[PDB]
Ligand SMILES: Nc1ncnc2c1ncn2[C@@H]1O[C@H](COP(=O)(O)OP(=O)(O)OP(=O)(O)O)[C@@H](O)[C@H]1O
Ligand SMILES: Nc1ncnc2c1ncn2[C@@H]1O[C@H](COP(=O)(O)OP(=O)(O)O)[C@@H](O)[C@H]1O
Ligand SMILES: [Mg+2]
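Residue numbers (the authors' numbering), protein chains in the order written: chain A, 3948 to 4097; chain B, 4148 to 4353, 4375 to 4646; chain C, 1550 to 2021, 2026 to 2389, 2408 to 2748.
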């Protein structure tokens, strides 16, 4: 409280677009804090002062603790080609859940075209689609082809 | 998940709609489809900023866009009769606006104010001026800018304009104030803290009773000890405000005793004095987890209200109830008409509005339906009240500032209204003025519950539409 | 199929011959098998497998051939797809006997319940509806010229359409003539309405309004002259007033329905024209006019069926001219107008509609109303656990080939497989429909077909499918791109009230409707929260119907007065001068006031003054009924009051009950136990019988004691053998009226409790339908005379459906006063003899009552003691009626003891002085043992000392011994109980025998009490800690009693009335006396004590009721029960009940209902103590 009152430059920071980047020194410590200590203290300060920048301050904290490029891969587009080529077992289904109001079939069709792999598009909602999917699974489980269930 | 953004939404819409379908004559079909794309993107993005954008999260899916495209195709074909080009004044703008407002998109909309917002968006977009070279899709964009309409006439030009849209998007594109982004961000941050706390609590499982004892004791000192009742007499049974205050006092006292007994039982269990029955252990689990007990919850509260906030609100409500009880004991007639009650504090403020209506009706020998509500926000401390003018404090005007009882659009999140002075007047048949604007008075920040609708006066040349787009509203409690 | 009807033999030759041969072979094989039923022997039959395979092949061929024949018949007449396989076979077989076809016309057509033929059934003259409306054809259909059923049913349908179109043309011409005459004369208007059917009348009104508005807009185009639109609106209002007057005056039911339909249409027309005037429409091309449904009728069209064109915005339909009959029109709110706009846009875009929303928003109702507005056969397929797939494909083919509509009510109710299959079929049909909208296909010669039944079905463009869904949900994804969902919300109660008040004859219906509905909301908010309160749409409907009845009654009253005088009669003027607000407020009071708690009546009057200022309600007492009630009460030993007197509240309550009986057929009597509701309705029934002359009969039924299946009957799962339940049996009996019981007042009093289960089949009966649907298929109509009545204590678990459907009469406890109960007891004592100045014992009764009168007063010893006892604590919840019943039984035993003394000393009877002393002492003794009887010795001592303080009776002169320890001998002087306990010497052979009882003060006291209560045959109940001598004291008392057989019945948690019924059928015989079926023990002369060991233990139902406790309550109150195997009242002759329950505070002890505790005195047998144990052991 005393440091807030005494700090003239507090208002500019508090009414700034990105206060989390330049949170001022407002805490007292006996020995200089480690970078992770500074990150966590600035996280507390941001949560108390500007909770709308809490997400950005948590991003900065996690970048300090785990490396800056820790989430950078998530920003990149899905590398479904590699994720299907390796790291997935053939008996493991690929549950590509999509939020309501979206379709993920285009990604799989594009991947199959890119890899030149035969893909069997099937709509599960059909009662005959049940048996068609069963037959396609039975055939492809030995033929080595990809099966699409929608 | 779909990549959020107006530009991404409009790109997806243009990709979905066939190029031949857009290209089909007349040439104005391309611009009509562009307007449909912009409107769909705007509403679907406003869905994210609920309850400011939309009071609830409607499903404005691709079916609505398909229906809108079919409607535009049919009406434009009927009007054009195969002509290569038609005048922008010949397009059935009224038919398109009405159909999109009542059938295509307004079919899902049930709230009157959401319907009003949809009508304002449609009347702003679908008009002859949309074919002028200086049409502003959105105003005051990114602090200071305007999103101009593309002057092209072909799907290629429209898609290119879509692609060259700046990355830097703000809620001012949709029409919301820029602080809606801050509100959404702080909501997301609080949600992330709650999720992390849920994770940590599970890890903490692999003392708690003593901490629960401390919490129960602290809540016990927080809540007031008792609430005195009113005195039912023949003179004051006729008074509608006084009947309402009896009902409030009785309900508050009952809830107070229930919660106090629950806290005492929890304390006894923590000390080892009492064992855990089914209800007792359920209540203890809710207190430990921070979830509001269903047995405790009897008056409508914001969704997700924690136990600590709930007991704080309870303490304030019972302080208000004690104040009005003391006023009634001093005198149950004049004090109850000249008491400045907090509409947030009352358990059912719509009942207070109804009781004030009944009081005015009895005083003036008037029927209930013949009463119209007027609001006069006065700033003087303890402003004197008229024969029918009541007084309500604690009202929060969200998104505007009220100076001289005139509304000016403000970038601030909310501004407090002191002594709103709800008054009841004889209803007239005069037409609605252009400068007046109807602001909903929602119960809390969720805007799910509505109490009444005020009719404030816009100041200067503020656009009443701009108010509807910004979603200005009054809140009984913060 | 074949041998069932002899006609199919001629219908299906060759095939019948084939089956005849196959049946011969199959019967030969079955005779062989009957010879040798061993499985091995059957297998060893020569070539049995080959023979069975050949039989299966040949039988399949005939069954297929038969299926091909029926498919050909259904394709011949496309409406046949709506009836089942066996129904269609019946139809074709009984072609000559057309009387066997009338049951299938309801399935086949929308509103053609039957047809009207010639005298010899040679030609068909017309069609008829369920409501009796008749549509005589312009050209009769001749069966003789076209013998084939599929050849003359087509002609019947075509003639129906053509006749309806020509009648519509003539009706529109008549309405144009009406309009050309400016002001409409009511006589000519009513003549036209009677002349034309309801559907065509509404159509003609709509066509005339559409043409009038089009002409008005055309004239007003290019100017500010609103005079034409104002004239249209004024004419609509004038027509509404004329209809209000006509519906107020007496009409036949069919013309009344026509007037209600016309009023419902004209209210919507008035609203739409007001909207147009407010919007200031300039030209007819504006969308604010194009978005309203517009009916265009062209006389120049060659095709009569294509003359009416219903357009609304983009969509342009044509009337299907399907005879819809007289169906109640839906009130067209702006919400329903928007719903129509969305569904019509979907239909024009060839997308099937799909409304969604909460249940009760009228989704399927709006779909059906739109379909009937367009004149299309709307088929509502319910989905709640009654759906099927075998017939659904057939019905889909029928819809496609006839142009009907189909609405799936609550489509999400289907299981996953059913939903997937039906969605696939609907998707195929809707894709076929969307194939119509393309431009490439030659619409002049476009036979679009769909793949249904593995066949090609030519889908007519007129068909449509509406998939109504209830969230909680999502539309199927395969057809999500073919349907346009619509949200539906609660309708406009304001507009419904306007329409209903206008249809009741209220000219100022707009103001009254804008006042009454907010008043009902005001009540629902301000008034206290009680379980028996209903302020919903059904309550508003009842209030407005009562208002119409009151207005008609006032009309008739003024008419009768002016007819008695020489003044001329003008019902128009009489109606004009009546105060509509006063009539409505009187009806609101007469309906709501009975159901209101005593604290809510002033609130209701305050709200009523707030909404209807300056309007006062004055109840008019019915003097004849008051006199009849007073006579019945005097003959029934009940106090009658004239208001503010003793009994005034109860008389007011019974009068309100009579009013509720008049207004509603189904009603309740909610109130605390011991309030007087049964006495009120029984006295009302007797007084109504005496006054009106129509005899009254009460069918008291306990619904909780008898399970739901036994109550409503149950068809056998095999052979479909229907069994009649109690309620269904009573309804069938009154319907048949074998003994002329249709000219009597029958009240089916459902004395018991209301729970959401046993009332589900009663909801439809209590509704306006007044029909008891059964799984058998029989539809039991409710006769007008019968009234379903409930005597429920509280509606804690009652459903809102029953609460709304039943009129409520709240019976508060203060309605019946302790002064009333004391007066009743004294009157019965002085009049009704106990042994049977009729008898010397009756004279003794009168002397005893004269002695006791100063104590049975408003501020007497009994009343003060009762208040103190209520202040004290007791093992069971103390009730005034339990206390008073125990005290009255004890005083009856006192006068019986006086009679015994007189018999013992015949020479010297009971002197008046000693009688006074004895009765004065026994009153105190009985007060102590009736108020403190179920309480611990501490509270017994408290009550004793309170009596000592507040009494005038001399009482014992004890220094410290409580008065409860003294016994009053025949002589008035007191006597201690300790003089009646002997120091017996137990024999060594019975040291701890299960019969030996060491005499102790508690034993000598409880045995005396048990003797009194068992001699009075009261259902005595004993309480106390487990181990107390409850059974010991009871068995000692029954050993003292000379002839008293005992049957021990140990109740557990799960002891339904089945245990009691098995005990009855074991120990008792269902003797059938001339008076009626009488239950009695097999032994003669000995009363049966059905000693129940743990009466609290039986677990409550899901809704807080104990089944066996309700059974015992019924059999101790009404003196019998109902045999479920015969549905007859079985009076109990010599059965008596005793309980030995543990205190309710003990675990697993469910407290007994007050309705049962009222009859049963309760004694608290406590542990002996230390000194008593020292003496006993
Ligand atoms: N008009 C009356 N005058 C005097 N006593 C009455 C009157 N009506 C009822 N009682 C008394 O009340 C009792 C009968 O009415 P009671 O309310 O007990 O019947 P009920 O409505 O069937 O009861 P419950 O609601 O418990 O099933 C008897 O004790 C009777 O003497
Ligand atoms: N005066 C008595 N003489 C004989 N046995 C007695 C006496 N008082 C109590 N008892 C004993 O009390 C016990 C319980 O009596 P019982 O009536 O069976 O109890 P409950 O009604 O609780 O089932 C028996 O063992 C009985 O012998
Ligand atoms: Mg009764």
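No residue lacks a Cβ here, since even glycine has one placed at the ideal position from N, Cα and C.
State the Cα-Cα distance for the pair residue i and residue j, rounded to the nearest angstrom.
| i | j | result |
| --- | --- | --- |
| residue 2658/C | residue 2341/C | 36 Å |
| residue 4542/B | residue 2069/C | 25 Å |
| residue 4286/B | residue 4508/B | 40 Å |
| residue 1787/C | residue 1823/C | 14 Å |
| residue 2269/C | residue 2263/C | 12 Å |
| residue 2209/C | residue 2237/C | 10 Å |
| residue 1814/C | residue 1804/C | 15 Å |
| residue 2164/C | residue 1894/C | 42 Å |
Find the nearest neighbour of residue i within the set the options, judged by alpha-carbon distance.
| i | options | result |
| --- | --- | --- |
| residue 2016/C | 1846/C, 1927/C, 1857/C, 2009/C | 1927/C |
| residue 4303/B | 4417/B, 4538/B, 4181/B, 4454/B | 4181/B |
| residue 4001/A | 4329/B, 4220/B, 4227/B, 4598/B | 4329/B |
| residue 1898/C | 2285/C, 1967/C, 1988/C | 1988/C |
| residue 4456/B | 4483/B, 4381/B, 4442/B, 4479/B | 4381/B |
| residue 2654/C | 2694/C, 2705/C, 1956/C, 2058/C | 2705/C |
| residue 4335/B | 3998/A, 3974/A, 3956/A | 3998/A |
DSSP three-state call for residue i: helix, strand or coil?
| i | result |
| --- | --- |
| residue 2326/C | strand |
| residue 2479/C | coil |
| residue 2086/C | coil |
| residue 4571/B | strand |
| residue 2391/C | Between 2389 and 2408, chain C has no modelled residues, and residue 2391/C is one of the positions in that gap. |
Which chain C residues sit within Cβ distance under 7 Å of residue i?
| i | result |
| --- | --- |
| residue 4277/B | Those do not exist, as residue 4277/B stays about 18 Å from chain C at its closest Cβ, beyond 7 Å. |
| residue 4072/A | 1969, 2030, 2031 |
Along chain B, which residues have their Cβ under 8 Å away from the Cβ of residue i?
| i | result |
| --- | --- |
| residue 2166/C | 4529, 4533, 4534, 4535 |
| residue 2073/C | Neighbours of residue 2073/C on chain B: none; closest Cβ ~12 Å, over 8 Å. |
| residue 4058/A | In chain order: nothing, as chain B lies at least about 18 Å away. |
Against chain E, does residue i count as a neighbour if the rule is that its beta carbon must be under 7 Å from one of theirs?
| i | result |
| --- | --- |
| residue 4094/A | No chain E appears in the structure shown, which is made up of the protein chains A, B and C. |
Please compile the residues from chain A whose C-beta is within a distance smaller than 8 Å of the C-beta of residue i.
| i | result |
| --- | --- |
| residue 4149/B | 4046, 4048, 4049 |
Can you pull the chain A residues whose beta carbon is under 9 Å from the beta carbon of residue i, in chain order?
| i | result |
| --- | --- |
| residue 1973/C | 4072, 4073, 4074, 4075 |
| residue 4583/B | Result: empty, since nearest Cβ-Cβ is about 17 Å, beyond 9 Å. |
### Contiguous alpha helix (DSSP H) assignments of at least 4 residues, all confined to the stretch 1912-2000 of chain C
1912-1922, 1941-1951, 1965-1983
### Task
Go through the stretch 4222-4288 of chain B residue by residue and report every complete run of the beta strand (DSSP E) that reaches 3 residues or more, in order.
4283-4285
### Complete alpha helix (DSSP H) runs within the stretch 2242-2284 of chain C (minimum length 4 residues, chain order)
2261-2265
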